[PDB]
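Okay, handing you the structure first.
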Amino acid sequence: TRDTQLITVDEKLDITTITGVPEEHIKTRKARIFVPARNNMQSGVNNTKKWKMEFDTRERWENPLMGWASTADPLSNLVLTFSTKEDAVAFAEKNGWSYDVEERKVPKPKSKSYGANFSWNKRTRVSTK
Amino acid sequence: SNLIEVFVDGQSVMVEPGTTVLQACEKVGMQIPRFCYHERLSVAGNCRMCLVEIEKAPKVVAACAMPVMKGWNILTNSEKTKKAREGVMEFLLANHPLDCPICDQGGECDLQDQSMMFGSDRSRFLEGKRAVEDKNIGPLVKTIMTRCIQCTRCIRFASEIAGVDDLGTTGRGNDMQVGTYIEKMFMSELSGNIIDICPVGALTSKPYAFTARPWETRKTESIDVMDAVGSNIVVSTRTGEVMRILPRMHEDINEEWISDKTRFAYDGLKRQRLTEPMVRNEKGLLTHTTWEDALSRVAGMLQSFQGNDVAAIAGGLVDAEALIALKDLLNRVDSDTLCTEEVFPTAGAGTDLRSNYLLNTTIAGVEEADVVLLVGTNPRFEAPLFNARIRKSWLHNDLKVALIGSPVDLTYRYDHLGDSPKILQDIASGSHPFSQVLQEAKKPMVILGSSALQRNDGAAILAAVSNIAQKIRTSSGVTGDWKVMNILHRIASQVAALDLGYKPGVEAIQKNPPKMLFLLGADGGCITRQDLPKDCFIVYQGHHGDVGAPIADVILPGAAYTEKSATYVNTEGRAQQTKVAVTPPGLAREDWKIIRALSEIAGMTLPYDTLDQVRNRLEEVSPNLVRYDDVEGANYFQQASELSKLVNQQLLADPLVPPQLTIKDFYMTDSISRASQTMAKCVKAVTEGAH
Amino acid sequence: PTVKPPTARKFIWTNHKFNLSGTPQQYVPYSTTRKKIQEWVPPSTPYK
Amino acid sequence: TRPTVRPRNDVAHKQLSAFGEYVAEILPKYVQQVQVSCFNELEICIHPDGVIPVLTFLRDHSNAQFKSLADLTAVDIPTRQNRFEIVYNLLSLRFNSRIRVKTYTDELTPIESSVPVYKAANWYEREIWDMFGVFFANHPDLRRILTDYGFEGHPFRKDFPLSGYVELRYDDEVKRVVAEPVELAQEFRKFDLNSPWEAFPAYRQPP
Amino acid sequence: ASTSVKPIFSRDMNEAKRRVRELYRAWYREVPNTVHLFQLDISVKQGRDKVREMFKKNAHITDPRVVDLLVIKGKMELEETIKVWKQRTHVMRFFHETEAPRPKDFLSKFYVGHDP
Amino acid sequence: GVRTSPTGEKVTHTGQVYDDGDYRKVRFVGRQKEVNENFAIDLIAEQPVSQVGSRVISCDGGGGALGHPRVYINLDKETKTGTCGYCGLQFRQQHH
Amino acid sequence: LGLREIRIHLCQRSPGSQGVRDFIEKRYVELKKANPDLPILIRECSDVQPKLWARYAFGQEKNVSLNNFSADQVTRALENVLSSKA
């Protein structure tokens, strides 16, 4: 294989000290790892394919001059994308973020029958089309 | 071995018989375009947007309705399919109005998006367009029917899901119109859902009109607290303000629906809010103060009272973290008078066994039942999404439903056995003919409403219903794993309080009136100052000034369910948590942090300083409270029934009357909804009228 | 404009203004929206 | 041909494919994947140990002669175990052709400096170190090049916030510019723009 | 295995620790020049205590590669100071002189806002 | 139009006005509160209703491509006018 | 100073809770008869180690692990709690 002499390191991978993040935004943050829910206003499912990581929402207040929404949270907009739940968890662990994982919610397969609309003796008979 | 082999663009997929072409493409991750098809509605096949080419078949088929046949190769991207989509999209847009800038659907419109992905990029329609009159169907759903594409989703939803047959089509051809023909309001507890299913801007939220565009909103996935179903929701916020509530799919709870109160009562969060601590001044009036001063006043009283001199009542919207914090604080002055407004009989097992106060069959288990007996409940209004599940099973599983109580309109036909509670005696003994139907049933389900347990004879009713359930379950007919006895709760905080060892009801407080009363969001008015010693020191903690706050000595502004990460347990015993969508207003604070801060001032510091720590505390009291999205089964029905028969209590003669008889009683049932201006318009509409 | 005058509108300023910065007529920004959260107003009478 | 559709060049596509196989046959020890894009760009994906050998061969071999290092950059992909993709874009004036060589690394694995092969790489690797935090072994002078002195973090990482963590102002009490945690009078507004409908079937991924 | 990795400079923590102590000595001797050269208003004692505080906060590391990068970054920081690429503002940014002390107890945080 | 609050501050066409105890009105001392005095709600109401002889009429706001997207307005209801969603002009069917 | 509340945590299926499950099925009803006004909260949750919690006056709590206990050991563990205050 390699000509480069490797070493053995059994430490858990932790990069908190070399990321430059302030202490406040490592230990007091909660990361949420989830697959986004489908926007119920539309039938397209293409935004439910990937895993996302977001952070706990913090205060927003009104700017005295204009009424704009101010924030002191540097992570308020950070959203990361991941192929699998395991990739998202691995990223959160090595960055030292506490996290919750929410299992993916796949719609269950349905039994669809057009003929059922015209049942002779069942309640599925439609009164209109 | 019943699966057949079909191909999607040449890739083999094995599907069960009856699978449609559209469902076969789903299995390989290909989403066929659609407008009329909805997987939770009856197939319609009228929009023709799902047309697809079958290899070697000269005619395109409607993928949403065509059953796939063995060996078929579905070409989802052939020129023939693409030309069919372009042709259909062209017809849809010919008469559609140029409304996108003024239409609320813009930015989350399936017509816009499928036009971009599957339609042409230009128009060759050189005529004038159709224009249609608008229909008024109430104060929740705005109609701009010139945008309607006649997909009939709303008609099929109203008929099949909501059980209302007010929507139809009138006329013929290009002038065919969706509506009610006469002037009629589509007032149903599930009406707001026709906004979501409508693919276009024809049906939109009237309260939401013009306020935001979809791309600019932030989505906070959360839980509903308007009832005990625990509907999953998305809270849309923009620049720190709540904008709307949308459903979030959960197959085992609300599917993809929510009730109108869940959808539209959020505007009550902007009114009558408690934003600053308040104390009584020398003139006996509530005046704003600091957190330091308000807590010092409360801490001083708490340090001078012990035992039965201290008590607490928890209202219907309190979270588990706040409940456990208050219980721990009152336990540290050796007080056990931790009460809830909602009664649940303490006779027999009481709250010792979870199975005694849960919906043991679970919401999704209704679809497996073959008989349902409803007792003293109007599920249509107490748990609208649970009632929709019953109608779904009534529709598709031919479920038999019987009701003991007032004959309310459940949106499906049922068997009314009467309203006297003595019928429960007949069914148990076998005298009643319906007793035989339960014995026949393989999977009977008996549901007792928490509202029926507010009667002074609630222990007798629960014993009677449990006697019916146990005579059935421990006998031939039902498997060992099928659970028959169910309680249907209507209060979001009730099950968590029971899990934590609270006393249900305020009988304990009435027996031994206290000198210091904590009202934790308690706005039912069950205990007023006429029931307390003249000098009672009342502390109200909550988010709305309503019933509890006016009579308090100290007001501590807490947060609403949109403003905290809090645990709620639904009627099945499933623990779920909200997420912060916006922070609490003004000086309001997370509710468990108020109690934790109070304990530090009082010299009784609780042993948790973070949310995770107070949740570790929840695990020590009831481990299921931190098992989020899991339903933990509860056993020992026989033991509960043995303790239930020890004391025989006599049923009262008065018939079972649900607190909610008509839709007008549905809209306002808690502090948030009572402050909602939208809910007030709904009450006016159903009472006065459209005028 | 003596040859091709501008189209007349009722809302067009009849009196043009020069740059008002640094004077008492200067523009001062402010939020044009109304208060969003209404706070509860306690009753003006003692409990009892 | 179609006036709005970019025309394909099949001769260049075949030439680049044949040369890609040529490279993979000569350096099997390092080449992991070779691909040619539909707009005719050749990418050689290699094991990170092959940086110096592969780049040296491409520069000096008679049938390659990629004398010019057009650009050297990195890409951060948090979902990968080796989140950092290192991209070398090379130009051959002799054969009027371009090639892209890619490798990978994580936060703790050094990459070998290519300054011996291309002296152009000196500042490009300082920029990668500064912006991504990738260390380059045996670099003559590796240090920040674009960020402020003492700046903490690597701002082109996908998990570094757009507005950073600190901001500057002049403070009259201490008579100097000072750094303080970032507060924004108007928060940056995140927009969700992705359509929930698939745009490109040709790129669909297995479920 | 997946634990067989490429080192940066140190093949184990004992080699890494030597580099840490060498970096610490270099910083320790630089502080008097830095205070003089940048005409800082802090004492040499304050500067050296700040150096010790920075080393202590990373005392819990057990991965030699992480320690290697900490030393690499620490040496870049030292070079910026010695060569006077930094200005006095950059040196004084370690001391947060204009930042008010944020409360640390539960009650004090409770009174001011919503953050834990 | 432009009315005034009890404190003397003008009310904007969006209804904005600092209340009595709002310190933020200090920003207007020695300066002024910019208010636009042509309230569009009052101006559109002055316009007369167009009488047309058909069930459906179209509006593009006038000026062709200088107006708004062309929309078609149904005039079947006789208890109200048809209003243009873009420019607010009103139409009424004559006779029928 | 006396006992205020009893909580029994256990799993529905794990063998480590088999004795606790036996105690409930055989003896809980009799235990509740003798102690009519004592809360005895039985809370089942999958994959938890069984435990007995006793809450005494002024919020003091003791927990006893019941892992792999027999029904009789559970009885004696409950007897000590009911008898000895804390």
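The letters A, B, C, D, E, F and G name the chains in turn, as written, and every chain counts its residues from 1.
Heads up, the rule we're going with is that a contact is a pair of C-beta atoms (placed from the backbone, for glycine too) under 8 Å apart; a residue touches a chain by one contact, two chains touch by 3 or more.
Peer 1: Using only Cα atoms to place each chain's centre, name the chain farthest from subunit F.
Peer 2: Chain G.
Peer 1: Cα centroid separation between subunit B and subunit D, in whole Å?
Peer 2: Measuring from centre to centre gives 49 Å for this pair.
Peer 1: Calculate how many whole Å lie between the centre of subunit A and the centre of subunit G, each centre taken as the average of the chain's C-alpha atoms.
Peer 2: Measuring from centre to centre gives 40 Å for this pair.
Peer 1: Provide the C-alpha centroid distance between subunit B and subunit G, rounded to the nearest whole angstrom.
Peer 2: It comes to 35 Å between the two C-alpha centres.
Peer 1: For subunit E versus subunit G, what separation do you get between their C-alpha means, in angstrom?
Peer 2: Distance between chain centres, rounded to whole Å: 53 Å.
Peer 1: Quick one: which residues in subunit E touch 2 or more of the other chains?
Peer 2: Correct list: 5-6, 63, 65-66, 69, 114, 116.
Peer 1: Counting only residues that touch at least two other chains, what does the list for subunit C look like?
Peer 2: Within subunit C, residues 30-31, 33 contact more than one other chain.
Peer 1: Quick check on subunit B: which residues sit in contact with 2+ other chains?
Peer 2: Within subunit B, the residues that touch at least two other chains are 31, 110, 113, 214, 219, 239, 583.
Peer 1: Hey, which chains are touching each other here?
Peer 2: Listed in label order, the chain pairs in contact are A-B, A-C, A-D, A-E, B-C, B-D, B-E, B-F, B-G, C-F, D-E.
Peer 1: Flag every residue of subunit E that touches subunit D in the complex, lowest number first.
Peer 2: 5-6, 8, 63, 65-66, 69, 72, 76-77, 79-80, 85-90, 92-93, 97-99
Peer 1: Show which residues of subunit C lie in contact with subunit B when the two form their complex.
Peer 2: Result: residues 36-48 of subunit C touch subunit B.
Peer 1: Show me the residue ranges of subunit F that touch subunit C in the complex, using the header's touch definition.
Peer 2: 12, 14-16, 24, 27-28, 30-34, 38, 43
Peer 1: In their shared complex, at which residues does subunit C touch subunit A?
Peer 2: 29-31, 33
Peer 1: For subunit E, which residues count as touching subunit B in their complex?
Peer 2: Within the complex, subunit E touches subunit B at residues 106-107, 110-111, 114, 116.
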